[PDB]
């Protein structure tokens, strides 16, 4: 039986992996991950269905869309009973281990072993982190706490190596979820990376300074009346929260301020990515010397993408390419296609059924996702989707990003900004409750955005109001309407929202 190590980093976006060939690849940000891809298979079209940490991690654990597993936003939690991925590996006779960033709210009690960050409600600390572990029995969750000195990414790797070396029953296969907290904000990189990239300019995206044709009334207001309201920024654009403010840039020139904030944002972030990559070298080295390299499936992914200043945006949540796409690399030692790429349209909800089938199990019939394990034997899965669904539910909270649904085909992306919160008690409350002058949660404008992701991969040009694209827009609206029906996301429980979305889709 094959062992499995599922490695996932927090907010590690595809621009920041060398193998994905973004503007950042010239910096060689992830040599170890790149080498893994050269001996594995890289997936070009892997998409989150809902880009924030907790909803994505719930989709991964349950194989189910947010509207099915009910973990809609960061405000909801998983139930232990919903730990389906690990239940399935248990039922197949695996010993199971959960290491690192959990962030699902509940105890990882369906694991045989866990040691997961607890600082700041499951967010963890970059230095001297404490962990909740199934080894502390003197106390009950969430109080079975231990503390480790030093840098988190180094400690996380040590927890995994320790379990493999000292705790695993070598007579049984293992399934391990190995989750780094880096490169999540605040990007507190380890001191030894202080001068990494010191002499280099990080390539700047044109869209940081030019948004002329991007967006719509739903993301900008009419005539940009909401340009300082919607969407936190790298520049001074967003009036409440942005990196120019956060990094205290004040050169006398706002464009220079933006450039300097982008450089500090990207360099701090990439120094955290480098710490993860260096740590992967240690882990992979260990697996190789232990004789596990050729009997262990290894996955490397990030729970969602992140806006690294494209369109002058930050964080995730948006359906735009950099936030929707997850990097996703799998090395199955039995797969003969080494260094291959796959363009199959996949979602984070497909991870669990695929892994289960990879080791000989059956695709679970209660999951929304399906298994693409046949790709590793050189065959597209039967009747596989050629489009993906997306919905961000957490209207305006944290980053002033309006709620939206969308569909991405291989050629076009249609986004419907419906601009409502599913819990109308939240209207009027602060979107960022730690700030005295936060904006308030309010309904925003309904609008469509249509991007040609093949000829405009950076989503520079919203086509929804171009009359040359009237038929494409109608065709994609029909597909969005049907896909929403196909996946069961029809809002009978939220009639406020159902009326708005049904009306917009004709």
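Numbering follows the first chain given and starts at 1.
K.L.:
Check the entry's C-alpha temperature factors for 197 to 205 and 116 to 124, then say which stretch has the higher mean.
P.N.:
Higher mean C-alpha B-factor in the PDB entry: 116 to 124.
K.L.:
Could you check the entry and say whether 141 to 149 or 388 to 396 has the higher mean CA B-factor?
P.N.:
Comparing 141 to 149 with 388 to 396, the higher average CA B-factor belongs to 141 to 149.
K.L.:
Going by the deposited entry, which of 289, 370, 311, 317 has the highest CA temperature factor?
P.N.:
Reading the PDB entry, the winner on C-alpha B-factor is 289.
K.L.:
From 350, 321, 303, 423, which pick has the Cα B-factor that tops the rest in the entry?
P.N.:
In the PDB entry, the greatest C-alpha B-factor among 350, 321, 303, 423 is found at 423.
K.L.:
Lowest, middle or highest third: where is residue 493 by C-alpha B factor in its chain?
P.N.:
Ranked within chain, residue 493 CA B lands in the highest tercile.
K.L.:
Among the chain's modelled residues, which third holds the C-alpha B-factor of residue 470?
P.N.:
Highest third, going by the recorded CA B-factors of the chain.
K.L.:
Taking the values exactly as deposited, rank residue 438 by C-alpha B-factor within its chain and report the matching third: lowest, middle or highest.
P.N.:
Tercile = middle for this residue's CA B-factor.
K.L.:
Would you mind ranking residue 217 by its C-alpha B-factor against the rest of the chain and naming the third, lowest, middle or highest?
P.N.:
Middle third.
K.L.:
How does the C-alpha B factor of residue 105 compare with the rest of the chain: lowest, middle or highest third?
P.N.:
Answer is highest: the recorded C-alpha B-factor places it there.
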